[PDB]
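Q: Mind having a look at this structure? Questions to follow.
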2 protein chains.
Amino acid sequence: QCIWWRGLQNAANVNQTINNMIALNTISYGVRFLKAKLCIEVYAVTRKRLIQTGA
Amino acid sequence: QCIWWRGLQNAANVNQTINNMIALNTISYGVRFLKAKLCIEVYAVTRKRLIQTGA
């Protein structure tokens, strides 16, 4: 819903695609977001196993 | 032979195509000049007619 596609949650997340984008937003009068594809990849599913004796 | 295609002979001759070019030379590691087409258009051919009586 927001735009995190620039990866704002850390400024450490900038790639030239963002930079390419900025230079285009300078030379551009207008833009369209044509498609946005998100792909999650799960390398691991890790629970914390809690072994509890009393106290 | 030189590059006047940017229109250097006057700084008054810049169009966004030059500006577009500069922004691309920033985000680019390298370039090729693929084709250069020059077209002259002659709107007029005008000589100075010199009518000379003696002195």
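Backbone-built Cβ (ideal geometry, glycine too); neighbour counts: all protein chains shown. Derivation of every value follows stated rules applied to the coordinates shown; laboratory data play no part.
Q: So which residues in the stretch A:1-40 are aromatic (F, W, Y) and either more than 13 Å from the chain's Cα centre (by Cα) or under 27 Å from B:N20 (Cα atoms) (or both), if there are any at all?
A: Result: A:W5, A:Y29, A:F33.
Q: Consider the stretch A:6-19. How many of its residues are of a type outside the set (S, T, N, Q) and either touching a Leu at 6+ places or on another chain (Cβ under 9 Å) or within 12 Å of chain B (Cβ to nearest Cβ) (or both)?
A: Qualifying residue count, the stretch A:6-19: 1.
Q: Give the stretch B:41-55 a look and list any residue that's of a type outside the set (D, E) and under 22 Å from the mean Cα position of the chain (by Cα), or say none.
A: Narrowing the stretch B:41-55 to residues of a type outside the set (D, E): B:42-55.
If the condition is that a residue be of a type outside the set (D, E) and under 22 Å from the mean Cα position of the chain (by Cα), then B:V42, B:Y43, B:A44, B:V45, B:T46 are the ones that fit.
Q: A further question on this structure: Just checking, does the stretch A:20-30 include any residue being away from every other protein chain (no Cβ under 14 Å), polar (S, T, N, Q) and either within 27 Å of B:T26 (Cα to Cα) or touching a residue at least 24 places away in the same chain (Cβ under 8 Å) (or both)?
A: Of the residues in the stretch A:20-30, the ones away from every other protein chain (no Cβ under 14 Å) are A:30.
Those still in the list that are polar (S, T, N, Q) too: none.
So far as the stretch A:20-30 goes, no, none of its residues is away from every other protein chain (no Cβ under 14 Å), polar (S, T, N, Q) and either within 27 Å of B:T26 (Cα to Cα) or touching a residue at least 24 places away in the same chain (Cβ under 8 Å) (or both).
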